[PDB]
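Derivation of every value follows stated rules applied to the coordinates shown; laboratory data play no part. Reconstructed Cβ throughout: ideal geometry from the backbone, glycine too, with neighbour counts over all protein chains shown.
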Amino acid sequence: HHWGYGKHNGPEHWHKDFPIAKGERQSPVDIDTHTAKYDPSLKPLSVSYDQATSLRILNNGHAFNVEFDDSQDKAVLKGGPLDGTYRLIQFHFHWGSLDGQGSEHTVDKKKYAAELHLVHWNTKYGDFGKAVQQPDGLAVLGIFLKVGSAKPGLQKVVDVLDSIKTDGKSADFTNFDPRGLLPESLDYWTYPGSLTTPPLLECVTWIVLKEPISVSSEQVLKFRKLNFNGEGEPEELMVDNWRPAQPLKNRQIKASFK
Ligand code: NA
Ligand SMILES: [Zn+2]
């Protein structure tokens, strides 16, 4: 695709092809923890990932996605601020060239090394393509990564990155359990927002977990060896594939905790 994260095609350019970039409910945003409103009416999240079926991992030239079979209710997210059942379709990460940047959301302006997005769609709309046209179509769980101890359940992902180095490469990726990527606590902030890549549609209920997971320096190093470019093209490392924080405008961030 023409858009990307460089000087000449990066996020400050996206509005020319995707005028919704300057919309009223864009993501990501800075979460100001002292202005977030505790909402005692929010329920606990319900994450049911025991029957998840992963299929494939692929490099799509802006990140890598692990894709799941979403033809039945096998890995779903319910509760929290959601009505209805949302099915897991893929997850992916955004990360930096250095450990001090890489997350899309920030917390009191603090950036994390990377951010994991688990993308789910509202089953009342029948398919992911209809869901992205609706204001309550997607629910994305966002989890921050800090660098410290290794996360054992991430290792299977890091070990296959070698085989999908360039844009358009894919590999079989079965029996991966995404329960190994979740923190202990499910406390969260939530606000209505958008996809953070083109087409930037405003169809996402964001659910950002308060507790980061830790990954090792060697684990995130291996993400930085992937390439934006296709095979046999000049090498451009896949780093800093994050969009900067957007204005909050007329929105309230709610917290499930105090
Ligand atoms: Na995508
Ligand atoms: Zn993302």
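Some notes on this structure:
- Those residues of the range 34-64 which are among the basic types (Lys, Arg), more than 16 Å from ligand 1 (Cβ to nearest atom) and not in a loop (DSSP other than H, G, I, E, B), in sequence order: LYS37
- Number of the condition not met by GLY100 [criteria: (1) within 16 Å of ligand 1 (Cβ to nearest atom); (2) without any contact (Cβ under 8 Å) to a residue 24 or more places away in the chain]: (1)
- Picking from residues in the range 225-239 that are under 17 Å from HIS94 (Cα atoms) and part of a loop (DSSP other than H, G, I, E, B), the one that is farthest from ligand 1 (Cβ to nearest atom) is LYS225.
- The criterion of at least 2 residues that are away from ligand 1 (no atom under 16 Å from the Cβ) and surrounded by 18 or more Cβ atoms within 10 Å (Cβ to Cβ) is met by the following strands (runs of 3 or more DSSP E) wholly inside the range 111-224: 114-122, 138-147, 188-193, 204-209, 213-215.
- Some residue of the range 241-257 being touching a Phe, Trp or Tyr at 6+ places or on another chain (Cβ under 7 Å), under 25 Å from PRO152 (Cβ atoms) and either assigned to a helix (DSSP H, G or I) or β-branched (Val, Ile, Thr) (or both): no
- Residue in the range 65-76 that is more than 20 Å from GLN219 (Cα to Cα), free of Cβ contacts under 8 Å to residues at least 24 places away in the same chain, more than 16 Å from ligand 1 (Cβ to nearest atom) and among the basic types (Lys, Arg) present: yes
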